[PDB]
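>
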Amino acid sequence: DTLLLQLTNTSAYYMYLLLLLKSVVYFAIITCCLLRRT
Amino acid sequence: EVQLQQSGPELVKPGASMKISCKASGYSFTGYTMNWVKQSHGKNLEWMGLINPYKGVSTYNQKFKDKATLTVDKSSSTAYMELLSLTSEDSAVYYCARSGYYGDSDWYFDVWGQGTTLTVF
Amino acid sequence: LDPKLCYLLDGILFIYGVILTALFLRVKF
Amino acid sequence: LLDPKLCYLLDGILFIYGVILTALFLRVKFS
Amino acid sequence: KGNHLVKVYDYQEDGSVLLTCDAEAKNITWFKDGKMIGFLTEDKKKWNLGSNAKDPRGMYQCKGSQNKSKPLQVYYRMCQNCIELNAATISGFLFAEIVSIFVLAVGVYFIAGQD
Amino acid sequence: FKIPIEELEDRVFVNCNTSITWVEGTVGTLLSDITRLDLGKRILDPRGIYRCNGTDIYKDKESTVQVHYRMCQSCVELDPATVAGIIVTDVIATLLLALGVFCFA
Amino acid sequence: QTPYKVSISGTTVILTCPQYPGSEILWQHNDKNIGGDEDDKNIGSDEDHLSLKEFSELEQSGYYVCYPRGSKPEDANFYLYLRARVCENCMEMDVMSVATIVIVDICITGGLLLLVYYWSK
Amino acid sequence: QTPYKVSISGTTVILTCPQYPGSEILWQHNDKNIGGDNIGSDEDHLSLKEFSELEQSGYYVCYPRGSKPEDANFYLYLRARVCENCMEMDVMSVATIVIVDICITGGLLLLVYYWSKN
Amino acid sequence: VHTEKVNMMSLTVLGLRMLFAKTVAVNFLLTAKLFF
Amino acid sequence: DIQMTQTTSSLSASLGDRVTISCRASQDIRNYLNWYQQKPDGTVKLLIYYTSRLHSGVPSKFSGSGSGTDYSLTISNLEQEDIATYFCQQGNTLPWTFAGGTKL
Ligand SMILES: CC(C)CCC[C@@H](C)[C@H]1CC[C@H]2[C@@H]3CC=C4C[C@@H](O)CC[C@]4(C)[C@H]3CC[C@]12C
Ligand SMILES: *[C@@H]1O[C@H](CO)[C@@H](O)[C@H](O)[C@H]1NC(C)=O
Ligand SMILES: *[C@@H]1O[C@H](CO)[C@@H](O)[C@H](O)[C@H]1NC(C)=O
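Residue numbers (PDB author numbering), protein chains in the order written: chain n, 251 to 288; chain B, 1 to 121; chain b, 27 to 55; chain a, 26 to 56; chain g, 26 to 140; chain d, 22 to 126; chain e, 33 to 153; chain f, 33 to 69, 74 to 154; chain m, 254 to 289; chain A, 1 to 104.
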């Protein structure tokens, strides 16, 4: 029941935090590449 | 024991303003409504106004709303009254009366002061 | 159950939107 | 409770943005 | 009793855990780790560690005017940051991992290929 | 004169000697028995002002009870750190997207 | 006859009684006099507000009433049956509120992008 | 003296009392004897299986045989809900998953960069 | 069951989805720039 | 307002007698009437409150009664200390109003 909702919610929160960190390191990489180009 | 001590006669001139003191002892001053009661025309007693000492909020009797202002000094547990523009009709004995704080026991004055006899001449 | 379906549609539709914008820009060229 | 409806709520907006993009492309090509 | 005056009042309408020491005395001094965590709040005899979700963990002692009450240890694993590693959840996590890593790598492939 | 409020079967119940009249708020439903009103589930937060005349003990004495329930199934326990972090990161992402738009234009 | 106004803010619950504008008002909770100089400092009333801090649903929830100075509690007709569950940083938000939040965030983002695009040209 | 040592895994819960390193073991939960005869008693531990938040949650008593539960030093109030295949994440756990993700992602990004460069 | 904390978990997941969608838009926009 | 009056200004009675003092109110004051003793020196005390409730420290020889608009204080065997002026004060509606008083 609502407990399962608690578990899936916190799992999604952790997963999205990891995905955000992934995209942030990629943002750092592409910013480096753009700055080298510019 | 519980006791209210009032000031002296304090003869005043007409049109002046005089301050009456009621110094309380023996109990918690803020937990008890303080009233002021005027005894004029020989022995006629009249109620003048009440001041909630813990708050400073005062309810006034419409007859004396313009003749008395009530102030309270919680530090010395002393109640204060200012009679302003005291004419010859204001010459009387003034008592400070203690009643309960709340609406169920604030209509009887258990403890009275000795009385301050203010005269105007 | 429904949150898992929501997240699955999130992933599918993210891929779809990225692909569609990519190929739209390809035709824009 | 917020229910899973809120989760569907934002998926809806991202969907509608996707559909505007694809329909715009279908209008661009041929049409 | 055995000097175990401490008891817990739980299952309130608002989720919280309350610890009560069976003493009607002034300055009931609870001890934490052998030292007084705090002397009694005036007129209130019980300590409120907080809500049930906080999961307070420790050794709790209580002392009134009399000698200290024999401590009552409280352990709470009222899980909050707890998930299930079922087949579906791990598969979904790995799938989001796979698509994310692949998309990010495709972007990297193009970003290197042009420059 | 206090009009009783009763919570049984998780449905709050306003009960009074005489027929009760709704002045404001939750309309409720009249039971089979007159002088008893169910204000819905207790979880739905009934609110409303109700007048009911007094009994033979207090004749012709009208009382108003403003029943006010605040037990929120919609409540969310805000946490300053999490909310502030979400707001700050949203603003930063918006600024980065704006910078990208500028770098286009 | 003006409805009781009750506002809940975090743990604090503040009750205001606007039926009596002129005089000082006094509060009674569950037929026990409340407000004024007492041991509990969580409860304080000033003007027409009764401010309860650290409200406990089991303890402080029940019948409430306000009466002006000079009116006995017994002859009171307007009673508030406040039964409230209160938590710290608790706030009620519905689905449409969050929908408005996300929509307005999208709109401000798009507006900023469009403003930057136009300013560039 | 030393508090009780608690281990909970999945649904099962393990209890042990370090007050006596070696002695006869008797367990009481909420002042009724639990353990012995699936829930059983270890020579130095309490083995609870199918733990429940409602069924078994309260004070816990470890004492030698023929003793009154108040003679046992401290009751151990235990309350939790159990779900299958569940663990608590510590701050260290969150940190290690974060670091693992960042390292693997960055490594694969630079690897793809080098691969596509040629 | 108490819905107070789980409602925050849902709200924060919603906020993280907003952040992720915006950030994905950011990376895509920057990639399109670097191509142009 | 609620004008508070008394039947007679003064009454005469011998020592040890049981006498009653009547007090009247313009409206029904719902038994909220207070009895005070005005001693000649000036000191005045609260004898009874409400309908008949005795006040702590006041001797039991003082007794009150009445309901509605007519009230009575039926004091016991008249001692010499009993000689004072007695005042009835309403408490129903503001302002509180006293009465003329009886001399004994
Ligand atoms: C979501 C992000 C992180 C990854 C998605 C990859 C995107 C950004 C990549 C993958 C394919 C790419 C496109 C491939 C081909 C072309 C044609 C070229 O003449 C202009 C650029 C354009 C239109 C590219 C733009 C960037 C692009 C759309
Ligand atoms: C309603 O009537 C019942 C039954 O006669 C009685 O016990 C009760 O006092 C009445 N309610 C009130 C509020 O007087
Ligand atoms: C309630 O009392 C009011 C006030 O007089 C009256 O108009 C109304 O008819 C009464 N209702 C009942 C049901 O007695």
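Note that CB positions come from ideal geometry on N, CA and C, so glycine has one too.
Using the C-alpha atoms, what's the distance from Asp54/d back to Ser84/d?
One C-alpha to the other measures close to 20 Å.
> Run the Cβ filter for me: residues under 6 Å from any heavy atom of ligand 2, listed in the order they occur in the chain.
Result: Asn38/d, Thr76/d and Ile78/d.
> Whole angstroms are fine: how far does the CA of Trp59/e sit from the CA of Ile66/e?
Roughly 6 Å separates the two Cα atoms.
> Output yes if chain b places a C-beta closer than 8 Å to the C-beta of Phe50/a; else output no.
Output row for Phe50/a: interface = yes.
> Taking 7 Å as the line, does the beta carbon of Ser40/d fall inside it for any heavy atom of ligand 3?
True, at least one ligand heavy atom lies under 7 Å from that Cβ.
> My guess is that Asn74/e and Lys85/e are in contact by the Cβ rule of under 8 Å, so how many angstroms apart are they, rounded?
Indeed they touch by this definition, with Cβ atoms about 4 Å apart.
> Indicate the three-state DSSP secondary structure (helix, strand or coil) for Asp73/B in the structure shown.
Looking at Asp73/B - three-state DSSP - the assignment turns out to be strand.
> Which stretch, first to last residue, makes up the beta strand (DSSP E) that contains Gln89/A?
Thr85 to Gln90 is the extent of the beta strand (DSSP E) around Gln89/A.
> Comparing the C-beta of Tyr33/b with each C-beta of chain n, is any distance below 8 Å?
Answer yes: the Cβ-Cβ gap between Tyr33/b and chain n drops below 8 Å somewhere.
> Can you find at least 3 beta carbon pairs, one from the stretch 138-146 of chain f and one from the stretch 109-124 of chain f, that sit closer than 8 Å?
Contact fails: fewer than three Cβ-Cβ distances are below 8 Å.
> Please list the terminal residues of the continuous alpha helix (DSSP H) segment that includes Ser263/m.
Residues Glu257 to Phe288.
> So, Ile53/g versus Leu43/g, is the Cβ gap smaller than 8 Å?
No; because the gap between Cβ atoms is not below 8 Å, this pair is not in contact.
> Select from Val99/g, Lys51/g and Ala113/g the residue whose C-alpha is nearest the C-alpha of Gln86/g.
That would be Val99/g, whose Cα lies nearest to the Cα of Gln86/g.
> Quick one: grab the DSSP three-state call for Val2/B.
It is coil, neither helix nor strand.
> Can you give me the start and stop residues for the beta strand (DSSP E) that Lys62/d sits inside?
Residues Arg57 to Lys62.
> Just to confirm, is the Cβ distance from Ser91/B to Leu70/B under 8 Å?
It is not a contact, given that the beta carbons lie outside the stated cut-off.
> With distances taken between CB atoms, is the gap from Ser261/n to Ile108/g smaller than 8 Å?
Yes; because the gap between Cβ atoms is below 8 Å, this pair is in contact.
> Who are the Cβ neighbours of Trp47/B in its own chain at under 6 Å, not counting the five residues just before and after it?
For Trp47/B, where only same-chain residues beyond five positions count, the Cβ hits under 6 Å are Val37 and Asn61.
> I want to check one thing, is the minimum distance from the CB of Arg52/a to the heavy atoms of ligand 1 below 7 Å?
Answer for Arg52/a: no, Cβ out of range of ligand 1.
> Let me know the secondary structure DSSP gives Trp107/B once reduced to three states.
Coil.
> Residues of the stretch 85-119 of chain d with a CB closer than 8 Å to any CB of chain m: list them in chain order, please.
Listed in sequence order: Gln94, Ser95, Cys96, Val97, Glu98, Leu99, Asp100, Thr103, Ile107, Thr110, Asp111, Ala114, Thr115, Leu117 and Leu118.
> Indicate the three-state DSSP secondary structure (helix, strand or coil) for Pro100/e in the structure shown.
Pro100/e falls in the strand class under three-state DSSP.
> Compute every distance between the C-beta of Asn74/d and the non-hydrogen atoms of ligand 3, then say whether any falls below 7 Å.
Within the cutoff, so yes.
> Going by beta carbon distance, what residues of the same chain come within less than 6 Å of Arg57/d, once the five residues before and after it are set aside?
Counting only Cβ-Cβ distances below 6 Å, and skipping sequence neighbours, we find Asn36.
> Nearest CA to the CA of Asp17/A: which residue from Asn92/A, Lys61/A and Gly91/A?
With distances taken between Cα atoms, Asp17/A lies closest to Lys61/A.
> Identify which residue in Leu112/f, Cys139/f and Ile46/f has its Cα closest to the Cα of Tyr99/f.
Taking only the C-alpha atoms, the option nearest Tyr99/f is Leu112/f.
> Identify the continuous beta strand (DSSP E) that holds residue 30/e and give its terminal residues.
Within the shown structure, residues of chain e are numbered from 33 to 153, placing residue 30/e beyond reach of any answer.
> Using only CA atoms, which one of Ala131/e, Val136/e, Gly42/e and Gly54/e lies nearest to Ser83/e?
Ranking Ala131/e, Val136/e, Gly42/e and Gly54/e by Cα distance to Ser83/e puts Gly42/e first.
> For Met34/B, which option in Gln5/B, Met18/B and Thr87/B has the closest C-alpha, if you only look at C-alpha atoms?
Nearest option by C-alpha distance: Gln5/B.
> Tell me the residue span of the alpha helix (DSSP H) that contains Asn52/B.
Looking at the DSSP string, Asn52/B is not in any alpha helix (DSSP H); the run it does join, the beta strand (DSSP E), is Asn44 to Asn52.
> Could you tell me whether the Cβ atoms of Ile107/d and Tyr71/d are closer together than 8 Å?
In this structure, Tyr71/d does not lie closer than 8 Å to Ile107/d by Cβ.
> Can we count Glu98/d as close to ligand 5, meaning its CB is less than 7 Å from some heavy atom?
Looking at this structure, you won't find ligand 5 anywhere; what it does contain is ligand 1, ligand 2 and ligand 3.
> May I have a chain-ordered list of the alpha helix (DSSP H) segments no shorter than 4 residues that lie completely inside the stretch 48-102 of chain g?
Complete alpha helix (DSSP H) runs here, min 4: none at all.
> List, in chain order, every chain m residue whose beta-carbon is nearer than 9 Å to that of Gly117/g.
Under the 9 Å cutoff, chain m gives no residues; its nearest Cβ is about 14 Å from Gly117/g.
> Report the neighbours of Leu97/g on chain f: residues whose CB is nearer than 9 Å to its CB, in chain order.
Going along chain f in sequence order, the residues near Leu97/g (Cβ under 9 Å) are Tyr95, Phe110, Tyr111, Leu112 and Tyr113.
> CB-CB under 7 Å to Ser7/B, same chain, minus the five flanking residues each way: which ones, in chain order?
Excluding positions up to five away in sequence, the list reads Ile20, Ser21 and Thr116.
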